[PDB]
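Asks: Right, I'll just put the structure down here and ask away after.
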Amino acid sequence: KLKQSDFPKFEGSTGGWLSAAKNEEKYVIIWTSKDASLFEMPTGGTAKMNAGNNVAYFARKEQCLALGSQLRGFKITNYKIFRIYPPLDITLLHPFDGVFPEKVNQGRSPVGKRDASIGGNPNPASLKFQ
Amino acid sequence: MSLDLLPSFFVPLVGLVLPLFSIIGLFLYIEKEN
Amino acid sequence: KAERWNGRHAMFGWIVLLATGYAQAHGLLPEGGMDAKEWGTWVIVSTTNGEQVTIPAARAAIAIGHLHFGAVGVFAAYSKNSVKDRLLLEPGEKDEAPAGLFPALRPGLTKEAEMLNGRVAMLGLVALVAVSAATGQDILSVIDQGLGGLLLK
Amino acid sequence: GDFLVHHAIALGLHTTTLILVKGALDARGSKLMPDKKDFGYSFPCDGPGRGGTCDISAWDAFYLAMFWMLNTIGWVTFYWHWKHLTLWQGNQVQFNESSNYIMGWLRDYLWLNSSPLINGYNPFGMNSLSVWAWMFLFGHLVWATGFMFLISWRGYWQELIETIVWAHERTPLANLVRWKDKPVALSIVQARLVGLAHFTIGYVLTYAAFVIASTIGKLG
Amino acid sequence: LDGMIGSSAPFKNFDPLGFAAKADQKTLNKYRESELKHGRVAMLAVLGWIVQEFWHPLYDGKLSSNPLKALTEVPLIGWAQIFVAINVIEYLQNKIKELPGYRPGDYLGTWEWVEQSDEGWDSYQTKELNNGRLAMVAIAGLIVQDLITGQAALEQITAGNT
Amino acid sequence: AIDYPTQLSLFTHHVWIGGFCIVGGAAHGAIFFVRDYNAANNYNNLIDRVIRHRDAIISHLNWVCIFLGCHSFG
Amino acid sequence: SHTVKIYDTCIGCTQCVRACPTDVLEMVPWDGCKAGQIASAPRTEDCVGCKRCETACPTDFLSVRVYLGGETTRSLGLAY
Amino acid sequence: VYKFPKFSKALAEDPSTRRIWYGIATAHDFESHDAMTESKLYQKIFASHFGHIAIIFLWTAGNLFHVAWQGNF
Amino acid sequence: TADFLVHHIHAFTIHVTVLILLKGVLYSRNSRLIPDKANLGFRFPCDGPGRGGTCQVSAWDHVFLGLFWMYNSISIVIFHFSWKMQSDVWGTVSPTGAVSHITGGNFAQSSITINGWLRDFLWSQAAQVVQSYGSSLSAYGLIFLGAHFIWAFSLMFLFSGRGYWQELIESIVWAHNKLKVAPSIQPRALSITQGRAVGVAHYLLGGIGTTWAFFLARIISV
Amino acid sequence: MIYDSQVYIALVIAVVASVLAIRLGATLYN
Amino acid sequence: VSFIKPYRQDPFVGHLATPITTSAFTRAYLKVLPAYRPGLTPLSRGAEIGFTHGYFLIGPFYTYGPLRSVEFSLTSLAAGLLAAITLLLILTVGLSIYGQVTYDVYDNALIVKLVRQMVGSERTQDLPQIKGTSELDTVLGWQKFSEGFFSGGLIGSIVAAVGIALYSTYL
Ligand code: CLA
Ligand code: CLA
Ligand code: CLA
Ligand code: CLA
Ligand SMILES: CCCCCCCC(=O)OCC(=C\C=C\C(C)=C\C=C\C=C(C)\C=C\C=C(/C)C=C=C1C(C)(C)C[C@H](OC(C)=O)C[C@@]1(C)O)/C=C/[C@@]12O[C@]1(C)C[C@@H](O)CC2(C)C
Ligand SMILES: CC(/C=C/C=C(C)/C=C/[C@@]12O[C@]1(C)C[C@@H](O)CC2(C)C)=C\C=C\C=C(C)\C=C\C=C(C)\C=C\[C@@]12O[C@]1(C)C[C@@H](O)CC2(C)C
Ligand SMILES: CC(/C=C/C=C(C)/C=C/[C@@]12O[C@]1(C)C[C@@H](O)CC2(C)C)=C\C=C\C=C(C)\C=C\C=C(C)\C=C\[C@@]12O[C@]1(C)C[C@@H](O)CC2(C)C
Ligand SMILES: CC1=C(C/C=C(\C)CCC[C@H](C)CCC[C@H](C)CCCC(C)C)C(=O)c2ccccc2C1=O
């Protein structure tokens with residue numbers, strides 16, 4: 001019926017990925033479920049989970065993350081999202097250090113932090129012809 | 001060739017040929033790569 | 001490449017000018033003007049007082065012949081992979097080397113012969129236009145004078 | 001009538017000046033956006049929170065004041081043209097009496113002098129004013145296309161474009177042809193500019209056609 | 001006369017003359033193709049016979065409502081186009097016949113979706129076959145009656161030439 | 001029938017009411033879809049299958065609208 | 001890609017991180033506030049510019065600021 | 001898709017049709033162009049002024065010629 | 001042929017209204033733009049300036065545009081009815097049986113062009129409305145003008161945005177605070193959705209009232 | 001009525017002004 | 001039974017296997033068309049497409065042009081033929097520029113394998129990537145396709161003009 005046994009029991013929708021997620025990048029979300037719960041696809045309609053390993057492919061990181069946020073309502077937490085380039089170039093994305101970004105984990109450095117409030121930003125006229 | 005034949009010689013020329021070549025050049029230019 | 005193509009066209013056009021003079025002299029080249037009722041108002045040239053002067057039918061026929069030749073040229077242009085000599089240079093192709101002041105004196109059906117004859121024909125067209133503009137006669141009148149009278153006879 | 005229309009002109013000038021001066025002074029920041037200078041002269045907005053933030057840039061003040069400039073110039077030119085049409089035709093009493101109320105304007109300037117223009121071509125024939133009637137309708141059409149670009153905003157046109165993209169990508173005999181630039185809806189600022197351009201071009205064309213054709217067809 | 005579709009209650013596996021008891025699978029596929037084509041053509045022919053009799057809007061009226069008479073009144077250049085269209089359709093059917101998994105009368109390729117056919121699918125195929133058989137008998141009767149009597153269906157019925 | 005103002009007013013009023021009520025029906029269908037629609041209770045039914053191919057419906061309706069507008073208005 | 005900056009007015013309430021739809025922001029250790037945490041923007045290449053992050057900011061004039069910049073198929077939210 | 005907005009690399013990397021639209025509407029905003037100095041700004045504005053005055057004079061010459069040729073002056 | 005064109009105009013307008021409303025209903029829960037549009041509710045202004053701009057993605061913003069297009073369709077329908085009836089049904093019958101209509105059969109030949117609709121219908125039958133002053137139908141002219149005013153008033157809400165009105169209210173509030181008369185209930189500009197609702201309500205009221213006054217004055221005078 | 005020579009030389013001078021325009025256009029860079 | 005299933009057992013494609021996308025009739029009909037017919041060089045595909053397209057393109061121009069005639073007129077036929085030929089020229093110009101800006105390949109179905117085997121550590125989009133393996137997806141292939149379209153369009157337009165004249169004269 002389906003290419004892989006771990007795919008959710010989805011009947012296919014004309015809202016899945018397109019030619020872009022065959023030559024630029026595609027995103028895969030994996031998770032393990034205790035029950036074959038019925039959930040709503042980020043793209044189309046209702047799909048059925050597998051009582052075990054579940055693997056879904058999407059065209060955007062936002063679609064995979066919306067599916068994962070939906071999974072949290074099913075008490076599912078072990079979901080992990082990967083980015084796949086045109087060949088099998090798998091990169092773990094969402095649980096980057098194994099801890100969700102909302103929980104503080106040691107080993108993270110601040111990126112994009114300014115040691116002042118908004119009012120300390122430089123005047124644009126001094127950020128010209130230079 | 002009289003002077004009154006100049007409109008019939010030029011108006012089609014300008015108003016049709018110049019759009020065609022200008023479109024060709026502009027499309028080629030804006031679709032270039034590096 | 002451009003010089004060679006323009007020389008070929010100039011030689012063919014010297015032939016065409018001779019043919020046009022012959023046709024005008026020998027009763028060919030249809031008479032009158034185009035039918036505005038048949039071909040719309042775009043063939044009307046002027047309205048002096050209640051009569052519509054239209055494009056001469058001879059001019060229309062000559063334009064149709066030139067359209068035939070120009071269409072042949074356009075086909076050859078968009079037929080680059082099947083023609084012996086292309087119109088434009090391929091990426092990589094390099095322009096044949098200029099012939100110089102005097103191309104090599106190689107008689108026959110040679111590149112130098114065609115080159116020299118094309119230059120001569122283009123210079124002849126330049127001289128013909130210059131003579132017509134300076135003196136003030138028709139192009140065919142200048143050709144007739146330059147052939148003694150054997151064209152418009 | 002001159003008194004009332006001059007006060008209307010003063011109102012138009014003051015409101016256009018208000019919009020432009022407010023945009024100029026509030027360009028560097030306000031209470032809703034105390035760092036507006038960091039976003040430049042022309043930016044779409046600041047977002048959907050804190051209340052909202054539509055048309056907050058200084059460019060948007062110009063964009064809004066263009067409508068008021070067009071309205072003020074329309075009032076000025078309407079006044080001038082009606083006064084001079086009555087002066088040339090000789091019925092200056094028509095202006096002096098009917099110019100004090102709005103229906104007087106609508107009936108005796110627009111409705112009255114639009115008769116020669118609209119009959120530039122009828123189911124019976126046409127005149128040398130036919131081009132002016134065509135330009136009249138053309139200006140109305142461009143004006144309403146501007147209305148399109150101004151009332152309907154983005155987001156509604158991005159999803160439709162996505163549907164069109166899917167249709168092109170999933171149809172045979174047309175899959176052979178694909179775009180090099182991904183078709184997307186016009187940006188918010190670009191959409192405002194395009195709607196303003198349509199509005200202004202239609203405005204100018206329809207009024208030029210009306211004034212010229214009305215003068216020609218009324219005064220011989 | 002097999003597990004083939006088309007066996008109905010009145011006469012199950014109706015092969016009284018034993019045409020199928022000796023034929024192989026290829027000959028039986030040919031027989032099913034012929035039966036289905038005849039049935040479809042006959043359904044179209046019966047519907048056209050009746051409708052033409054009581055409605056012929058095309059050809060600015062004219063084209064006498066009696067069939068087998070309008071057969072010799074069509075401009076004969078419209079006959080050629082109908083012939084060519086039928087020919088192109090059957091060329092396409094021939095091309096279909098070499099597709100893998102082809103079934104005798106199946107030109108829609110239902111074998112692609114219908115694996116492990118149901119009873120509803122078999123019943124609908126039998127319905128099509130039985131309607132085609134009834135239409136074959138009906139069109140044969142129509143042509144014979146119009147030949148011997150000279151009147152059309154609703155004309156002979158209306159007068160009472162029964 | 002001979003009271004033309006009455007006929008014109010009745011027709012226009014009833015057509016206006018009809019258009020408003022139709023737009024309201026569409027609005028409340030959308031409201032039901034947003035609020036009261038349960039995906040689990042509508043597995044593979046008509047509502048589910050319509051959402052599953054909404055693209056096709058909307059794209060073909062777009063093409064029909066362009067065709068009809070182009071033709072009539074042009 | 002858009003630019004996201006964090007300012008020391010951060011109170012570490014995590015509402016920005018749990019509102020990001022594309023996992024751009026994360027909470028990192030800090031010593032400038034009671035919570036001992038500050039938001040970070042280490043994955044701005046996935047930033048879409050929806051500005052949900054600063055709609056959930058409780059600080060007075062924001063501690064996370066999104067500056068829209070160059071566009072990308074990721075930042076434009078293009079599924080095609 | 002790598003050489004129309006020569007003055008802006010940020011636009012030239014746009015994969016959408018927005019690059020073409022914004023390339024037109026930012027062509028004369030010289031102060032916002034890539035690799036921009038004040039000297040180049042004033043020099044380009046000066047040359048653009050010259051071209052503009054040339055356009056104005058050509059427009060007036062065209063009006064004069066068309067009145068002389070097809071008018072009834 | 002005149003009825004063919006107007007009937008296909010009706011079909012086209014109805015199809016576009018159906019398109020807007022069905023797109024609103026089907027894409028009310030999710031889309032490729034916003035995969036969680038159902039979590040934003042039925043009535044919300046947008047999701048943000050991102051994704052190139054996500055204005056009016058709601059389903060309410062589709063009932064707003066569909067209201068506009070329903071106005072367009074119904075206006076064309078009632079215009080067709082009025083002109084066709086006045087031109088080819090209504091009128092008087094002479095004692096010998098000669099039929100003379102209100103307009104005189106101009107629908108067949110002059111309803112096939114937009115200039116015809118503008119001149120022989122709008123301009124021609126608007127004569128009774130504009131010449132109603134001083135008569136018992138003057139209320140129809142007044143309502144004509146007022147409906148024009150309201151329809152034009154709608155465009156302020158339809159074309160503008162909140163940032164501008166909120167920032168103008170800021171200066172007005174500054175003046176009030178300077179005069180110690182700032183209300184305790186802080187004045188805020190109408191929300192984006194409410195701005196759209198006010199715009200569409202005023203647009204519908206103005207257009208329908210203009211057509212109402214025009215139809216009533218015209219059909220009562222003649 | 002202007003002559004053919006008058007119009008012709010004006011056209012020729014216009015061509016020269018065109019070659020000067022592209023030189024300015026190309027000098028203002030691609 | 002169900003007649004709609006996910007396309008090629010992939011429930012995540014933006015496509016469906018309906019009785020129209022993947023029906024045997026659709027398969028055969030699209031495989032007999034010149035664009036997909038096996039055994040055709042790109043020049044032959046272009047020639048057939050151009051012939052058919054000019055043949056049906058001369059029709060509307062001759063019938064409804066600005067110089068129509070309820071009777072048969074040589075001027076009307078010439079006008080329709082010229083309009084059809086010029087439209088074919090415009091279409092050929094579009095084909096030429098599209099092929100110029102789309103592909104950079106001279107021999108396909110190999111370069112993909114070469115870069116999948118011998119590595120493609122270059123500027124990509126010519127060695128790697130490469131959408132489609134058809135011979136129509138090359139610079140040479142599309143050029144010959146456009147040439148065939150143009151020549152076949154001229155020939156088909158002339159043939160259709162001759163047929164129209166014969167039908168209007170001898171019938
Ligand atoms: C300055 C602008 C301009 C000019 C000069 C023209 C000129 C023309 N238009 Mg046109 N048009 C324009 C802009 C312009 N258009 C725009 C912007 C639009 C869209 C709003 C239209 C929409 C339009 C329509 C809808 C129609 C025209 C038509 C025509 C023709 C007039 C009818 C007639 O009697 O010819 C009769 C025409 C012929 C006898 C044959 C002409 C065929 C082409 C034009 C000849 C070109 C020769 C060319 C050099 C061949 C190249 C070589 C090739 C063989 C390889 C004429 C050629 C009509 C027409 O003829 O349609 C084709 C017509 O139906 N136009
Ligand atoms: C007069 C103003 C005007 C016009 C012309 C349109 C036109 C259109 N709107 Mg609309 N719209 C308007 C005002 C207008 N709107 C306003 C004020 C609003 C605000 C509420 C909207 C809101 C709106 C929405 C929400 C939607 C539309 C849609 C549509 C399209 C329907 C499909 C169609 O008919 O395309 C055909 C195009 C036309 C009929 C326009 C004229 C084209 C001419 C007649 C034929 C072609 C001319 C030719 C190409 C010219 C070439 C020469 C040129 C290059 C020089 C169409 C483009 C829908 C859409 O996207 O399309 C499906 C849609 O969903 N509009
Ligand atoms: C075997 C089938 C068949 C044949 C040979 C004819 C033959 C004829 N019909 Mg006819 N007809 C048929 C079936 C048939 N009909 C059916 C089923 C109907 C009901 C819709 C009609 C309704 C009909 C009318 C109303 C008229 C005719 C008329 C005629 C005559 C002129 C041709 C014409 O205009 O056809 C017109 C045919 C149609 C309008 C409908 C044809 C629809 C076809 C049969 C279905 C699709 C065929 C498809 C291309 C192939 C199938 C695909 C797939 C199964 C492989 C001609 C004698 C005309 C006449 O002069 O009457 C005396 C006329 O006015 N027919
Ligand atoms: C900016 C000035 C201007 C403008 C707007 C026009 C406008 C027009 N001219 Mg014209 N003309 C002009 C100057 C101008 N002229 C000058 C200076 C000359 C003397 C050489 C002529 C000689 C001329 C002739 C001989 C004819 C026209 C004709 C026409 C009409 C059709 C267009 C055409 O065939 O152009 C053709 C124009 C030329 C061959 C001359 C070039 C025009 C100037 C020099 C270029 C101006 C460029 C402008 C500043 C910006 C260019 C933008 C570009 C990059 C897109 C149109 C009304 C035709 C006409 O009357 O039809 C009824 C016609 O037959 N013109
Ligand atoms: C202009 C003439 C002036 C005369 C005055 C009056 C005449 C007139 O009016 O003419 C106009 C006219 C007819 C003109 C007909 C013409 C020019 C036909 C020309 C056809 C050219 C062809 C086939 C070229 C083929 C070239 C090729 C293949 C070229 C090539 C090669 C080769 C050979 C090197 C091989 C290479 O091989 C490889 C490697 O590919 C490929 C290639 C491309 O390189 C009729 C006019 C009127 O009928 C009308 C209109 C109205 C009537 O009432 C009155 C008349 C009769 C007068
Ligand atoms: C191309 C040409 C003639 C082409 C003629 C053709 C195609 C023939 C066409 C015809 O057949 C048709 C189509 C149809 C027939 O019915 C009509 C004709 C007409 C018969 C003449 C060019 C003629 C070209 C000429 C004369 C060029 C002269 C250039 C000079 C002097 C340049 C000098 C400099 O380059 C230096 C030396 C140093 C530089 O630094 C400075 C300068 C000064 C720029
Ligand atoms: C070459 C030429 C024509 C060549 C024609 C060819 C090849 C035709 C080939 C054909 O295949 C076609 C095409 C078609 C076939 O059906 C016919 C044939 C025949 C088979 C004309 C030259 C024509 C050449 C001409 C007219 C030259 C004129 C030169 C002049 C006036 C010179 C003046 C000066 O020399 C002085 C006087 C003093 C100097 O100091 C200054 C200057 C100015 C240089
Ligand atoms: C003017 C305007 C405002 C400001 C409008 C406000 C604050 C409304 C003020 C309403 C007053 C306070 C009450 C109504 C007073 C009327 C006289 C009562 C109505 C008349 C009766 C006859 C019904 C917005 O908030 C807005 C938001 C989004 C898009 C466009 C706009 C917009 O155009």
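If you're wondering about the labels, chains in the structure tokens are A, B, ... by order shown, residues count from 1 in each chain, ligands from 1 in order shown.
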Do you know which residues are at most 12 Å from residue H:62 counting only C-alpha atoms, after dropping those on the same chain fewer than 6 positions away, and could you put them as number ranges by chain?
Replies: H: 55-56, 68-70; J: 10-11, 14
Asks: Give the residues close to ligand 2, within 7 Å, counting only C-alpha atoms and all ligand atoms; write them as a PyMOL selection string.
Replies: (chain D and resi 141-142+144-145+147-148+151-152+160) or (chain F and resi 62+65-66+69-70+73-74) or (chain I and resi 16+20+65+68)
Asks: Take the residues from that selection and write them out as an mmCIF file, in the first residue's frame, keeping N, CA, C and O atoms.
Replies:
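As a result, result24.cif now contains:
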data_model
loop_
_atom_site.group_PDB
_atom_site.id
_atom_site.type_symbol
_atom_site.label_atom_id
_atom_site.label_comp_id
_atom_site.auth_asym_id
_atom_site.auth_seq_id
_atom_site.Cartn_x
_atom_site.Cartn_y
_atom_site.Cartn_z
ATOM 1 N N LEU D 141 -11.361 52.983 -15.917
ATOM 2 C CA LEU D 141 -10.877 51.617 -15.738
ATOM 3 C C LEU D 141 -9.588 51.576 -14.925
ATOM 4 O O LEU D 141 -9.436 50.739 -14.028
ATOM 5 N N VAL D 142 -8.644 52.472 -15.227
ATOM 6 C CA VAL D 142 -7.387 52.495 -14.483
ATOM 7 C C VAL D 142 -7.631 52.904 -13.034
ATOM 8 O O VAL D 142 -6.999 52.375 -12.108
ATOM 9 N N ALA D 144 -10.328 52.243 -11.269
ATOM 10 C CA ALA D 144 -10.882 51.111 -10.537
ATOM 11 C C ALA D 144 -9.867 49.981 -10.364
ATOM 12 O O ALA D 144 -9.926 49.241 -9.375
ATOM 13 N N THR D 145 -8.926 49.826 -11.296
ATOM 14 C CA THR D 145 -7.841 48.874 -11.070
ATOM 15 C C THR D 145 -6.963 49.321 -9.904
ATOM 16 O O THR D 145 -6.482 48.497 -9.110
ATOM 17 N N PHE D 147 -8.233 50.890 -7.425
ATOM 18 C CA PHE D 147 -9.074 50.458 -6.315
ATOM 19 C C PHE D 147 -8.808 48.995 -5.958
ATOM 20 O O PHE D 147 -8.736 48.648 -4.776
ATOM 21 N N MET D 148 -8.717 48.120 -6.967
ATOM 22 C CA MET D 148 -8.247 46.748 -6.746
ATOM 23 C C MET D 148 -6.992 46.717 -5.883
ATOM 24 O O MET D 148 -6.943 46.056 -4.836
ATOM 25 N N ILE D 151 -7.596 48.266 -2.124
ATOM 26 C CA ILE D 151 -8.495 47.626 -1.166
ATOM 27 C C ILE D 151 -8.006 46.229 -0.815
ATOM 28 O O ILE D 151 -7.826 45.897 0.363
ATOM 29 N N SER D 152 -7.792 45.391 -1.825
ATOM 30 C CA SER D 152 -7.282 44.045 -1.612
ATOM 31 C C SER D 152 -5.779 44.092 -1.372
ATOM 32 O O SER D 152 -5.030 44.640 -2.187
ATOM 33 N N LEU D 160 -3.399 32.541 -3.866
ATOM 34 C CA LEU D 160 -3.897 32.339 -5.222
ATOM 35 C C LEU D 160 -2.752 32.059 -6.186
ATOM 36 O O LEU D 160 -2.859 31.189 -7.062
ATOM 37 N N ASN F 62 -10.775 28.908 -10.319
ATOM 38 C CA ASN F 62 -10.016 30.067 -10.777
ATOM 39 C C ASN F 62 -9.974 30.121 -12.299
ATOM 40 O O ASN F 62 -10.198 31.177 -12.902
ATOM 41 N N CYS F 65 -13.382 31.088 -13.600
ATOM 42 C CA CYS F 65 -13.643 32.506 -13.386
ATOM 43 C C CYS F 65 -12.896 33.359 -14.397
ATOM 44 O O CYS F 65 -13.458 34.308 -14.950
ATOM 45 N N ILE F 66 -11.627 33.032 -14.660
ATOM 46 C CA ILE F 66 -10.865 33.795 -15.645
ATOM 47 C C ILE F 66 -11.477 33.638 -17.028
ATOM 48 O O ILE F 66 -11.617 34.613 -17.771
ATOM 49 N N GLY F 69 -14.865 35.617 -17.104
ATOM 50 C CA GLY F 69 -14.651 37.054 -17.080
ATOM 51 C C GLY F 69 -14.025 37.564 -18.358
ATOM 52 O O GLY F 69 -14.550 38.483 -18.993
ATOM 53 N N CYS F 70 -12.910 36.955 -18.766
ATOM 54 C CA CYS F 70 -12.326 37.253 -20.067
ATOM 55 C C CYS F 70 -13.401 37.309 -21.137
ATOM 56 O O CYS F 70 -13.598 38.342 -21.774
ATOM 57 N N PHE F 73 -16.777 39.932 -20.220
ATOM 58 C CA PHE F 73 -16.416 41.337 -20.147
ATOM 59 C C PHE F 73 -15.613 41.768 -21.366
ATOM 60 O O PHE F 73 -15.734 42.910 -21.806
ATOM 61 N N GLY F 74 -14.787 40.885 -21.938
ATOM 62 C CA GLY F 74 -13.975 41.284 -23.072
ATOM 63 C C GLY F 74 -14.762 41.344 -24.354
ATOM 64 O O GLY F 74 -14.420 42.090 -25.265
ATOM 65 N N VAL I 16 -17.152 34.028 -9.453
ATOM 66 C CA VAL I 16 -16.078 34.656 -8.684
ATOM 67 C C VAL I 16 -16.461 34.763 -7.211
ATOM 68 O O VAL I 16 -15.624 34.553 -6.319
ATOM 69 N N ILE I 20 -14.328 33.084 -4.100
ATOM 70 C CA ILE I 20 -13.838 33.722 -2.880
ATOM 71 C C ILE I 20 -14.366 32.993 -1.651
ATOM 72 O O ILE I 20 -13.610 32.658 -0.729
ATOM 73 N N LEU I 65 -14.262 40.069 1.265
ATOM 74 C CA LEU I 65 -14.114 40.195 -0.184
ATOM 75 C C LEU I 65 -15.322 39.617 -0.920
ATOM 76 O O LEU I 65 -15.756 40.159 -1.947
ATOM 77 N N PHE I 68 -18.020 42.103 -1.012
ATOM 78 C CA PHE I 68 -17.794 43.048 -2.105
ATOM 79 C C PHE I 68 -18.256 42.471 -3.443
ATOM 80 O O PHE I 68 -18.966 43.130 -4.217
#
Asks: Please identify the residues whose atoms come within 9 Å of ligand 8, using only C-alpha atoms and all ligand atoms, and report them as a list in words.
Replies: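 The distance check yields residues 54 of chain D; 153, 154, 155, 156, 157, 158, 159, 160, 161, 162, 163, 164, 165, 166, 169, 187, 188, 189, 190, 191, 192, 193, 194, 195, 196, 198 and 199 of chain I.
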Asks: Within 12 Å of chain H, which residues of chain D are there when counting only C-alpha atoms? Please give them as a PyMOL selection string.
Replies: chain D and resi 40-42+179-191+193-194
Asks: Enumerate residues in contact with ligand 7: an atom-to-atom distance of at most 12 Å, counting only C-alpha atoms and all ligand atoms. Format the result as a ChimeraX atom specification.
Replies: /C:6-19,69,108-109,113-132,142-144,146-147
Asks: Collect all residues with atoms no farther than 12 Å from ligand 5, counting only C-alpha atoms and all ligand atoms, and output them as an NGL selection string.
Replies: (:C and (5 or 8 or 12-34 or 56-87)) or (:K and (74-75 or 78))
Asks: Please report as a ChimeraX atom specification which residues of chain B come no farther than 8 Å from chain C, using only C-alpha atoms.
Replies: /B:4-5,8
Asks: Of the candidates C:134, C:152, C:36, C:53, which one gets nearest to ligand 1 if we count only C-alpha atoms and all ligand atoms?
Replies: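 Using only C-alpha atoms and all ligand atoms, ligand 1 sits closest to C:36.
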Asks: List the spatial neighbours of residue G:74 as a PyMOL selection string - criterion: any atom at most 10 Å away, only C-alpha atoms, same-chain residues fewer than 6 positions off excluded.
Replies: (chain A and resi 60-62) or (chain G and resi 1+22+45-48) or (chain I and resi 51)
Asks: Grab the residues selected above and save them as a PDB file, in the first residue's frame with C-alpha atoms.
Replies:
ATOM      1  CA  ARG A  60       9.253  22.915   4.906  1.00  0.00           C
ATOM      2  CA  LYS A  61      10.757  22.971   8.379  1.00  0.00           C
ATOM      3  CA  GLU A  62       7.663  24.851   9.558  1.00  0.00           C
TER       4      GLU A  62
ATOM      5  CA  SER G   1      17.887  36.108   5.777  1.00  0.00           C
ATOM      6  CA  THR G  22      10.635  27.840  12.757  1.00  0.00           C
ATOM      7  CA  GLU G  45      18.634  31.327   8.499  1.00  0.00           C
ATOM      8  CA  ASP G  46      15.255  29.766   9.352  1.00  0.00           C
ATOM      9  CA  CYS G  47      13.785  33.104  10.467  1.00  0.00           C
ATOM     10  CA  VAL G  48      10.638  33.816   8.474  1.00  0.00           C
TER      11      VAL G  48
ATOM     12  CA  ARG I  51       6.031  35.148   3.929  1.00  0.00           C
TER      13      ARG I  51
END
Asks: Around ligand 4, which protein and nucleic acid residues have at least one atom no more than 9 Å from it, if we count only C-alpha atoms and all ligand atoms? List them as a PyMOL selection string.
Replies: (chain B and resi 3-15) or (chain H and resi 54-66+69-70) or (chain J and resi 7-15+17-18)
